[PDB]
Amino acid sequence: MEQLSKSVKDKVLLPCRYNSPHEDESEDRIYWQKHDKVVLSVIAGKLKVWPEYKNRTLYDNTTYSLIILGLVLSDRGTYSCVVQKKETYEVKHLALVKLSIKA
């Protein structure tokens with residue numbers, strides 16, 4: 001569980017911590033989620049950002065990491081980065097990031 005402390009209005013990069021010789025844009029499905037919400041997905045290399053996060057997030061293609069712009073208090077919490085392969089779903093990678101925020 002990596003932990004980051006930022007302030008309201010900061011931008012932040014949440015590291016997915018994914019790096020293995022089995023990275024494969026074809027099969028790799030990458031998801032960032034927070035609680036019962038999905039932030040974004042990357043399927044076949046194509047990015048899809050959920051409505052709540054459109055215009056306030058970026059994706060770093062190099063590291064599969066999530067960038068959030070203009071933090072607000074409700075952005076606090078645990079985020080997950082998941083790399084899966086659908087065959088049946090199989091998970092290749094799971095990483096958790098705890099974002100703490102104050103004003």
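Counting begins at 1 with the first residue displayed.
Cβ coordinates are placed from backbone N, Cα and C, and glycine is handled just like the others.
Marked as disulfide bond by Swiss-Prot: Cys16-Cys81. DSSP assigns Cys81 (disulfide bond) to a strand.
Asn55 (N-linked glycosylation site) is surrounded by 9 other CB atoms, counting those within 10 A of its CB over all protein chains shown. Per Swiss-Prot, N-linked glycosylation site is recorded for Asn55 (among others), and the stated evidence type is sequence analysis.
Sequence annotations record features per position, and here Swiss-Prot assigns N-linked glycosylation site to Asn61 (among others). Proximity of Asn61 (N-linked glycosylation site) to non-local residues of its own chain (separation of 6 or more, Cβ distance below 8 Å) is seen for none. The secondary structure of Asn61 (N-linked glycosylation site), as reduced to three states from DSSP, is coil rather than helix or strand.
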Review point. What does the Cα distance in Å come to between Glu87 and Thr88, when 2 residues between them are unmodelled?
Key: 5
